[PDB]
Amino acid sequence: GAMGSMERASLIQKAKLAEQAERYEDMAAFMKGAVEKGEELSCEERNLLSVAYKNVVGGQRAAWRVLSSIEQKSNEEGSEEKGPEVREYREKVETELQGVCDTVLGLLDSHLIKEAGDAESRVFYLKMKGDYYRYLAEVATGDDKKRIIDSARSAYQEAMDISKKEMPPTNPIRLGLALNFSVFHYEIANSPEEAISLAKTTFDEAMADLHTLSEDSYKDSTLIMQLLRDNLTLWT
Amino acid sequence: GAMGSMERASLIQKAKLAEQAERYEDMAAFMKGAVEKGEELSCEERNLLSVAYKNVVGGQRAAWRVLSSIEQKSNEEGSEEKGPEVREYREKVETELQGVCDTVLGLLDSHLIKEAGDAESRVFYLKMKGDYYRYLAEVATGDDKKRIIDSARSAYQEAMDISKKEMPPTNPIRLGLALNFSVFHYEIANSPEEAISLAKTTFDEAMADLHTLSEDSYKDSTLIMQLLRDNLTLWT
Amino acid sequence: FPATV
Amino acid sequence: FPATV
Ligand SMILES: CC(C)(Oc1ccc(Cl)cc1)C(=O)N1CCC(CNC(=O)CCl)CC1
Ligand SMILES: CC(C)(Oc1ccc(Cl)cc1)C(=O)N1CCC(CNC(=O)CCl)CC1
Ligand SMILES: [Mg+2]
Ligand SMILES: [Mg+2]
Ligand SMILES: [Mg+2]
Ligand SMILES: [Mg+2]
Ligand SMILES: [Mg+2]
Ligand SMILES: [Mg+2]
């Protein structure tokens with residue numbers, strides 16, 4: 001690893017600098033280096049890792065969607081043949097996207113998840129596992145598409161089961177997990193009713209627990225609750 | 001070159017796709033490949049090249065400024081020592097930025113400028129040469145800073161001389177050249193009076209020639225004239 | 001697209 | 001920062 005010679009603390013410092021500079025590829029590389037030191041990640045560090053890769057893959061997904069749309073339009077009736085270039089370049093972006101997902105999944109498997117015993121860490125990593133399998137699913141079209149979808153589902157389900165047992169219904173990781181699993185149901189699993197039920201039940205159980213929270217915890221939980229409401233509004 | 005096996009037309013097609021996908025590093029790599037085919041670039045192709053590298057270096061410059069500001073704050077009195085990491089990471093970004101500038105300057109020198117005989121092409125490339133020396137100047141601090149500044153000045157001056165002889169005062173390349181050379185004077189050469197005089201004279205000579213233009217040419221010229229006015233407003 | 005975090 | 005194109 002190119003980061004093998006850099007101190008763990010220096011990698012974390014530089015990840016924070018990269019975030020300030022909106023250098024998310026660098027941020028991700030620094031955090032991958034930090035993970036590969038072999039120590040568990042603190043809460044702050046877990047969130048640096050997630051922010052970095054979310055921004056990298058988010059850019060790739062956006063680009064993929066642009067290219068896939070152009071490609072789909074090229075394959076309509078009346079469309080003039082433009083050669084293999086659109087497919088080639090969509091494939092290039094797709095392959096890069098898959099590479100990033102595989103990298104993140106690799107970090108989780110070697111060895112973040114197995115060392116994560118606290119609910120906060122284990123749920124966080126399992127949510128990530130579901131998310132990155134979901135991104136793989138978005139672009140999957142072959143023999144393995146069903147298995148990729150099932151891998152996402154399984155990771156999210158394990159995270160949900162732990163979160164329900166071990167976390168209050170307003171915990172932001174629990175809320176974000178539910179938000180994303182609901183989107184998985186709607187967009188990937190062709191289960192819009194499940195998506196809607198999950199979002200509604202999550203919102204309502206959070207609402208009922210807000211009274212227990214400080215002002216600052218209230219802010220965090222209500223932000224994610226609003227995202228649940230936004231999706232429900234989109235879907236109904 | 002990794003693009004050596006791809007057709008020139010395919011590289012240009014893919015540069016356009018990359019632009020639509022906001023994949024400017026890819027766009028730049030495709031256009032570098034196209035240049036390295038050895039043929040002259042059309043007007044559209046020159047502008048693909050410039051858009052690509054402008055966006056790449058623009059991101060690097062923005063990141064550099066964030067990091068340089070953090071670094072400068074670390075070196076004030078009362079600032080707690082945080083070690084070498086801020087300098088290291090600013091240097092990393094700086095080195096990458098310089099690499100991109102050197103790449104562009106290399107394309108111009110091998111062999112875009114020497115093959116450019118029409119005023120439109122030669123002025124366009126000389127403006128680019130000035131711009132990328134200006135970006136090098138922004139980060140320069142050593143034995144060569146004066147020579148880098150002079151290289152920018154020389155390229156801009158040759159472009160100005162050709163543009164004044166060969167192009168109308170409303171030509172968008174002539175206007176953009178003047179805009180940027182004016183910024184060079186203000187920000188790099190410590191010559192704010194020269195910057196202001198250039199911007200004003202350019203604006204006024206353009207104003208006087210607008211009557212000759214179609215609606216569409218008028219739109220292009222007035223857009224850049226407004227940038228000249230914006231700078232003048234900033235500076236006075 | 002729907003919201004995720 | 002000032003405008004350039
Ligand atoms: C967006 C918002 C409000 O919530 C979430 C929720 C879930 C995820 Cl995966 C990401 C963001 C947010 O940025 N923050 C800041 C980071 C916080 C991290 N907290 C934990 O790890 C333990 Cl509670 C969550 C809220
Ligand atoms: C911003 C605006 C209006 O002008 C400029 C002016 C100068 C430069 Cl270097 C870049 C943009 C613009 O995008 N366009 C579109 C591209 C056009 C290219 N024209 C030429 O090569 C020959 Cl006239 C200029 C105007
Ligand atoms: Mg150590
Ligand atoms: Mg593929
Ligand atoms: Mg249920
Ligand atoms: Mg050929
Ligand atoms: Mg340096
Ligand atoms: Mg003069």
Side-chain angles (χ1 to χ4, degrees), chain A residues 47 50-51 53-55 57-58 61-62 64-66 68-69 124 127-128 130-132 134-135 137-138 152 156 171-189 192 195-196 198-199 202-203 220-236, chain C:
Chain A
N47 283 276
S50 65
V51 163
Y53 279 109
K54 174 178 167 73
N55 275 273
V57 78
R61 290 163 71 210
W64 186 93
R65 291 176 191 178
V66 167
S68 184
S69 177
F124 187 97
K127 175 184 172 297
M128 288 186 55
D131 289 334
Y132 284 84
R134 170 161 61 86
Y135 306 149
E138 287 178 336
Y156 284 135
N171 178 279
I173 302 313
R174 177 168 167 183
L175 289 174
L177 165 63
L179 180 75
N180 291 15
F181 192 24
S182 166
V183 168
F184 167 84
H185 288 305
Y186 195 93
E187 292 288 332
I188 311 295
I196 292 163
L198 179 54
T202 304
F203 182 96
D220 291 329
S221 298
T222 57
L223 187 157
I224 304 157
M225 293 172 64
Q226 183 66 50
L227 304 176
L228 292 160
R229 176 58 54 200
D230 292 339
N231 286 354
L232 283 165
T233 299
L234 185 61
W235 295 338
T236 63
Chain C
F1 55 83
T4 57
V5 297

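Chain letters run A, B, ... following the sequence lines, proteins first, then strands; residues in each count from 1. Basis for what follows: all heavy atoms, side chains included, without hydrogens, waters or symmetry-related copies.
Figure legend: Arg61(A) and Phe1(C) shown without cation-pi pairing, the cationic atom not lying both under 6.0 angstrom from the six-membered ring centre and within 45 degrees of its axis.
Minimum heavy-atom separation, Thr4(C) to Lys54(A): O-NZ, 3.7 Å. Considering all non-hydrogen atoms of both residues, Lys127(A) and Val5(C) come closest at NZ-O, 2.8 Å.
Within residues 227-236 of chain A, the residues having any heavy atom less than 4.5 Å from a heavy atom of chain C are, in residue-number order, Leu227(A), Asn231(A), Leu234(A), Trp235(A).
With sequence neighbours excluded, no residue forms a salt bridge (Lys or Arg N to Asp or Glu O under 4.0 Å) with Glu187(A).
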